[PDB]
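Asks: Here's a structure for you.
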Amino acid sequence: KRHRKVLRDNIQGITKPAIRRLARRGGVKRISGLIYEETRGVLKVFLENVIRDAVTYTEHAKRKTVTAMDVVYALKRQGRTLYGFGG
Amino acid sequence: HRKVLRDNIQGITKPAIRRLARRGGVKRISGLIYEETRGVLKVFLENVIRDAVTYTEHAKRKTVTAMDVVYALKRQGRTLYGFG
Amino acid sequence: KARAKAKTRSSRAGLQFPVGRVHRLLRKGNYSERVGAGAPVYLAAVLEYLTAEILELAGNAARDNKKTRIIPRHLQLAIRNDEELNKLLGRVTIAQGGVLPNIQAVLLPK
Amino acid sequence: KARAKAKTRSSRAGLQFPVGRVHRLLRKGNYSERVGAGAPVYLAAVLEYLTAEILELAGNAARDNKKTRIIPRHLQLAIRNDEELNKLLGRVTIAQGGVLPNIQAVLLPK
Amino acid sequence: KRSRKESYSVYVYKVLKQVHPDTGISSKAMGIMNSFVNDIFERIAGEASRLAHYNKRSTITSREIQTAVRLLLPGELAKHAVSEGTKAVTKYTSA
Amino acid sequence: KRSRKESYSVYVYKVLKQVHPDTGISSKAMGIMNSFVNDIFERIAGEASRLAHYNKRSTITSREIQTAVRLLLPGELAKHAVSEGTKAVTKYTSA
Amino acid sequence: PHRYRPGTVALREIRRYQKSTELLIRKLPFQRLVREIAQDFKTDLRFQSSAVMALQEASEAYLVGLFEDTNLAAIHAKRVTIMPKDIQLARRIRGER
Amino acid sequence: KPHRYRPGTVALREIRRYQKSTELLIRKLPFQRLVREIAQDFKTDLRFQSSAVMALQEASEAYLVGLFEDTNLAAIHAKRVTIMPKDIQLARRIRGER
DNA sequence: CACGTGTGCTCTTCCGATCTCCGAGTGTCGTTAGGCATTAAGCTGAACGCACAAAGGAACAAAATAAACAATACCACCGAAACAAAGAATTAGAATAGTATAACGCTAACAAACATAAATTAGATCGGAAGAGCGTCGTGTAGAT
DNA sequence: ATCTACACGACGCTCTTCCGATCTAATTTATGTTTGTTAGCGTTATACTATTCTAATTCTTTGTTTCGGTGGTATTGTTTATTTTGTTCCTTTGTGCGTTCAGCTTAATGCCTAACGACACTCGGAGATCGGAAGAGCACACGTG
């Protein structure tokens, strides 16, 4: 009765329309074709920097789950303070 | 001691700004850079010295310590090593 | 035991923000061994002034958008439009807040 | 009163950096009400490792520059050349330290 | 049965009625104002604490809060805040 | 007659002789290493203090220092530092 | 046929997603991406749903601010199209590389 | 016939020399009077320690050198070798100071 | 392009020195030893929420296609900036001198910590309603031709 | 000038989130006592300011002349708008159980206080790496054959 699932190559879920809309909010009119893989790598290293701090925050708490407060503290640690999730 | 200074921004000269630019690796410098750089240095110095005069006014002193400049730079995220 | 008349410390200073809670959060926040009596009154007055400065522009954004209720978009519109509140909250992300309507002048059509 | 043999806490851990002074600076630094016994030993070991990591490259810069004495230029050369010490000290200014010799490849002559 | 979730929600509601008696507020905007007050309290209190640590005082007094407000808040906000603070300190010391 | 100006100068001199027994150091470089130790002590101690404040503990323990080192120091430095810290903690607990 | 000119509905999308306040990434790709990334630091990691919402809001805000800086760095180079060198220059002047 | 170099050669030599050396590049006597002029806006009759004006000089020089490094990056990005006012303004925009 | 010319830096060598290395007090701050308060570790039941699963609608994503517009490559010209010799001028360094101020040292008053009881206030818990989210028709704006 | 696709605008239909009423714990405050922190005043020495003199280093003027920016022209990939068909995401409906999470103990541990002594700081001399100067040599920028 075990179905342990380990994930692989989920960086392609952030689609090119989903990145074009994120650039549309920032005010970008023309987006080159080479933008999307660089943007996925930038988002992946940003999430690595945030998630490593959050997993460190939540294993100092001896919890197996990641709360939203751990993400808030991991974002304040890097000077990217987030409002709307506690604090 | 009745002394008030004015327009000392020209004392930092264009040959004294070309060396500051060539330490940073700038090969060529246009001519509008100099008054702009005097203004940029002026607004940076007004921020840091306003923080330092606030730090030494809280200390009830009439002189500015080097530690007040160090703390005024630490407050802006520009930590300085060499003065305490 | 019979006391005198009870009166909160936020009512003596004419404040809406709690003086006692800010004194408690200063004493249990590990800032110093001692906290003076004028410190929570001063800090609560500064916090009430800042929260009123935010809400007085957020209500104006809500009234400009024909709305009788403040949403996070109104708080973002109040913060990023003020010249000097944007220096206080330049490194702050607001959830469900969006960005200002801001198209560069070179991107507009000809 | 006659005691046992005196032995510093930095000698029990095999450290050069003082355990007692770091414990004093932690207790009088307003960080918590309590500081555990392994905290100053751990922090002094981390500080001695970091100071040795700095000086082991500063001495190499001094020996590369035919010098038997460390100046601030050698500390700046040790910090900004290491890949991971530059992340720890990216927002730090060193006095009399200068910059790295760093000319961009487009500025070099043809 | 659980822990009481302390907040700043009733005070932002009290201030909003003094400013706009016709305008309501959401729950998301109330949480954002909660984090706003909780962040600027942390900024001012930490910078006043390091002000007390620099001058080797062991007391955070109204002077330290005033100097921290002058260091942190920019421009017009700092002098309006020190007026709002000093007038409240005098109104509290008269009573 | 005046106050004794406490520093970290003899310990940077003790460590330099373990590393480079032929190389001396200046006074300016000694002050820079002094400010270096005094700045990273402040970083690690403040971040361990807010770690203890988040999890509502009232004690900064070796776990908080280890987590603060893992949060602050990047890459290879963090694991070399937690080795250097844990081995010193075991060597201190054996004695 | 009523094909528009290139960039017109791009400008309308600029105005619409600047007016909007929603999330632009779908929640199901982003949840699996965070679950993939967090495995390398600890395996069998359950997430609060609000934590993945906070990661999504912060990642989208980071990317929108980086695209604003990228658009400025591309306008400075006398272009309207953002390029990966513009992202690199923005990340370098910002102090991340 | 006299001897003249080409434009950029002595500039590159001074780049290597001032990157190699650690001396201050502005004279101390203009800087003392400029700091004394600036501080009169906030408080008059302010004495200064010599070390305080020295720390201000090192920090201001380091800030200007780092800004000129970012300015040179932003000018190389614009397919130019000289630095212009828009390069300084772009570097200060991306840095998030103005 | 490829070889002679002349310059800037480097290299080698020698002399004061001033900055560094060691020696001798000496307060002061770390170490040690009990002893006491208290914080965190371990075990456990409730339930909260997270993971996994199914099914259908749809909403968004993927793929093909015409094409319009933007990046880039190249070239001509100007105008501005670097380089350099010379004189001015302003800065640097030592030296006198005067002294505001700041860093000490007592002194005390006053302001803040601590404890306890009373009670007022804020958070949780429901519940009624009203701003709003959304579906349908209207003119206007505005963009393409 | 004309036509058509969004986009707000008005109206209406549920709705769900916001606002009011109640209940209770818990956190604030009133009063008093005790302590220990910082303001007040005096002093000294010291470092800051002001000033003279001469040296001398750097700033400013001006005359080249080189090359880099800047505008303009052309071309070819290439990004965008659009339509259609999967495809998977969202929404709901259900289940099971794993991991928070509060609660109750007590064991280890850190704080406290005081005595003692080793250590780092300050002062004070001795020397030696080094800053500066003389002379020569090579890398190298640059200019004719």
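Every chain in the structure tokens takes a letter, A first, then B, and so on in the order presented; its residues are numbered from 1, and the ligands are numbered from 1 following the presented order.
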Find the spatial neighbours of residue 67 of chain I, counting only C-alpha atoms (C1' of nucleotides), within a cut-off of 12 Å - ignore same-chain residues fewer than 3 positions away - and output them as a ChimeraX atom specification.
Replies: /G:3-6 /J:78-81
Asks: Export N, CA, C and O atoms (P, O5', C5', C4', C3', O3' and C1' of nucleotides) of the chosen residues as a PDB file, in the first residue's frame?
Replies:
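Below is the file part13.pdb, written as the result:
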ATOM      1  N   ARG G   3      -7.159  40.800 -38.157  1.00  0.00           N
ATOM      2  CA  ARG G   3      -5.882  40.718 -37.465  1.00  0.00           C
ATOM      3  C   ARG G   3      -5.409  42.103 -37.055  1.00  0.00           C
ATOM      4  O   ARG G   3      -5.426  43.046 -37.850  1.00  0.00           O
ATOM      5  N   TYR G   4      -4.984  42.224 -35.802  1.00  0.00           N
ATOM      6  CA  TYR G   4      -4.456  43.484 -35.313  1.00  0.00           C
ATOM      7  C   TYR G   4      -3.013  43.678 -35.769  1.00  0.00           C
ATOM      8  O   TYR G   4      -2.407  42.821 -36.419  1.00  0.00           O
ATOM      9  N   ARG G   5      -2.466  44.820 -35.413  1.00  0.00           N
ATOM     10  CA  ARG G   5      -1.050  45.058 -35.607  1.00  0.00           C
ATOM     11  C   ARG G   5      -0.263  44.424 -34.460  1.00  0.00           C
ATOM     12  O   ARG G   5      -0.791  44.269 -33.356  1.00  0.00           O
ATOM     13  N   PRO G   6       0.984  44.013 -34.707  1.00  0.00           N
ATOM     14  CA  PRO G   6       1.784  43.407 -33.635  1.00  0.00           C
ATOM     15  C   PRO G   6       2.125  44.414 -32.549  1.00  0.00           C
ATOM     16  O   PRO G   6       2.672  45.486 -32.816  1.00  0.00           O
TER      17      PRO G   6
ATOM     18  P    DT J  78      15.867  33.997 -35.696  1.00  0.00           P
ATOM     19  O5'  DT J  78      15.328  35.160 -34.737  1.00  0.00           O
ATOM     20  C5'  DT J  78      14.648  36.286 -35.295  1.00  0.00           C
ATOM     21  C4'  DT J  78      13.330  36.506 -34.586  1.00  0.00           C
ATOM     22  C3'  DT J  78      12.685  35.235 -34.086  1.00  0.00           C
ATOM     23  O3'  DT J  78      11.746  35.557 -33.085  1.00  0.00           O
ATOM     24  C1'  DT J  78      11.341  36.097 -35.749  1.00  0.00           C
ATOM     25  P    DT J  79      12.121  35.446 -31.529  1.00  0.00           P
ATOM     26  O5'  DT J  79      10.982  36.310 -30.818  1.00  0.00           O
ATOM     27  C5'  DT J  79      10.937  37.715 -31.020  1.00  0.00           C
ATOM     28  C4'  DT J  79       9.511  38.220 -31.209  1.00  0.00           C
ATOM     29  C3'  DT J  79       8.454  37.609 -30.298  1.00  0.00           C
ATOM     30  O3'  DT J  79       7.582  38.639 -29.881  1.00  0.00           O
ATOM     31  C1'  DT J  79       7.835  37.298 -32.560  1.00  0.00           C
ATOM     32  P    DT J  80       6.508  38.447 -28.699  1.00  0.00           P
ATOM     33  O5'  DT J  80       5.216  39.102 -29.342  1.00  0.00           O
ATOM     34  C5'  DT J  80       5.360  39.849 -30.546  1.00  0.00           C
ATOM     35  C4'  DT J  80       4.072  39.876 -31.345  1.00  0.00           C
ATOM     36  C3'  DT J  80       2.835  39.448 -30.585  1.00  0.00           C
ATOM     37  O3'  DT J  80       1.777  40.239 -31.023  1.00  0.00           O
ATOM     38  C1'  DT J  80       3.057  38.099 -32.479  1.00  0.00           C
ATOM     39  P    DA J  81       0.496  40.472 -30.097  1.00  0.00           P
ATOM     40  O5'  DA J  81      -0.695  39.958 -31.016  1.00  0.00           O
ATOM     41  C5'  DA J  81      -0.997  40.655 -32.214  1.00  0.00           C
ATOM     42  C4'  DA J  81      -1.924  39.847 -33.104  1.00  0.00           C
ATOM     43  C3'  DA J  81      -3.189  39.328 -32.430  1.00  0.00           C
ATOM     44  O3'  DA J  81      -4.289  39.493 -33.309  1.00  0.00           O
ATOM     45  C1'  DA J  81      -1.958  37.518 -33.337  1.00  0.00           C
TER      46       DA J  81
END
Asks: Pick out the chain J residues within 10 Å of chain C. Count only C-alpha atoms (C1' of nucleotides). Give them as JSON, numbers by chain.
Replies: {"J": [18, 27, 28, 29, 30, 31, 37]}
Asks: Write out as a ChimeraX atom specification the residues lying within 8 Å of residue 23 of chain E, counting only C-alpha atoms (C1' of nucleotides) and excluding same-chain residues fewer than 3 positions away.
Replies: /C:59,68-70 /E:16-17,20
Asks: Name all residues at most 12 Å from residue 41 of chain H (count only C-alpha atoms (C1' of nucleotides); drop same-chain ones fewer than 6 positions away) and give them as a VMD selection string.
Replies: (chain B and resid 4 to 6 45 to 47 49 to 50 53) or (chain H and resid 34 to 35)
Asks: Near chain I, which residues of chain A fall within 10 Å when you count only C-alpha atoms (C1' of nucleotides), and what do they look like as an mmCIF file with N, CA and C atoms, in the first residue's frame?
Replies:
data_model
loop_
_atom_site.group_PDB
_atom_site.id
_atom_site.type_symbol
_atom_site.label_atom_id
_atom_site.label_comp_id
_atom_site.auth_asym_id
_atom_site.auth_seq_id
_atom_site.Cartn_x
_atom_site.Cartn_y
_atom_site.Cartn_z
ATOM 1 N N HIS A 3 2.828 4.173 -2.405
ATOM 2 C CA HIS A 3 2.902 4.797 -3.720
ATOM 3 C C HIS A 3 3.787 6.039 -3.694
ATOM 4 N N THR A 15 4.801 27.709 -18.175
ATOM 5 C CA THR A 15 4.765 27.722 -19.626
ATOM 6 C C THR A 15 5.171 29.080 -20.187
ATOM 7 N N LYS A 16 5.424 29.087 -21.493
ATOM 8 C CA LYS A 16 5.702 30.332 -22.195
ATOM 9 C C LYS A 16 4.538 31.332 -22.194
ATOM 10 N N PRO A 17 3.249 30.948 -22.291
ATOM 11 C CA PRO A 17 2.200 31.934 -21.973
ATOM 12 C C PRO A 17 2.214 32.409 -20.531
ATOM 13 N N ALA A 18 2.530 31.529 -19.584
ATOM 14 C CA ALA A 18 2.567 31.920 -18.183
ATOM 15 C C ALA A 18 3.734 32.845 -17.874
ATOM 16 N N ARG A 30 7.758 43.528 -26.174
ATOM 17 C CA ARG A 30 8.351 42.506 -27.027
ATOM 18 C C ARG A 30 9.250 41.620 -26.178
ATOM 19 N N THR A 65 6.609 19.652 7.854
ATOM 20 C CA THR A 65 5.870 20.444 6.885
ATOM 21 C C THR A 65 6.416 21.862 6.820
#
Asks: Identify every residue of chain G that has at least one atom within 8 Å of any atom of chain H, counting only C-alpha atoms, and report the result as a list in words.
Replies: residues 69, 72, 73, 76, 77, 78, 89, 90, 93 and 94 of chain G
Asks: Rank nothing, just name the residue among H:10, H:15, H:64, H:38 nearest to chain J, using only C-alpha atoms (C1' of nucleotides).
Replies: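 Once distances to chain J are computed over only C-alpha atoms (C1' of nucleotides), the minimum belongs to H:10.
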Asks: Dump as a VMD selection string the residues of chain A that approach chain G to within 9 Å, counting only C-alpha atoms.
Replies: chain A and resid 4 6 to 15 18 to 19 21 to 35 38 to 39 42 to 44 46 to 48 50 to 52 55 to 56 59 64 to 72 75 80 to 82 84 to 85
Asks: Could you go through chain F and tell me which residues DSSP, when run on the backbone, assigns to strand (DSSP E), listing them as a list in words?
Replies: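 Written out, the strand (DSSP E) residues of chain F are residues 24, 25, 59 and 60 of chain F.
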Asks: Listing only residues of chain C within 12 Å of chain F, what is the closest atom pair and its distance in Å (to one decimal) for each, using only C-alpha atoms, sorted by chain and residue number ascending, as a Markdown table?
Replies:
| residue | atom | partner | partner_atom | distance |
| --- | --- | --- | --- | --- |
| C:28 | CA | F:53 | CA | 9.8 |
| C:29 | CA | F:53 | CA | 8.1 |
| C:30 | CA | F:49 | CA | 8.8 |
| C:31 | CA | F:49 | CA | 10.9 |
Asks: Please produce an output containing C-alpha atoms for each residue in the selection, written as a PDB file, in the first residue's frame.
Replies:
ATOM      1  CA  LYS C  28       9.242  40.909  25.525  1.00  0.00           C
ATOM      2  CA  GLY C  29      10.961  41.723  22.232  1.00  0.00           C
ATOM      3  CA  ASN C  30      14.587  41.678  23.512  1.00  0.00           C
ATOM      4  CA  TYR C  31      15.632  45.234  22.696  1.00  0.00           C
TER       5      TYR C  31
END
Asks: For the structure I just gave you, how does DSSP split chain H - specifically, which residues are alpha helix (DSSP H)? Reply as a VMD selection string.
Replies: chain H and resid 9 to 20 28 to 39 50 to 76 85 to 95
Asks: Please determine the contact residues of chain E with respect to chain B at a cut-off of 12 Å, counting only C-alpha atoms, and supply them as a count of residues only.
Replies: 27
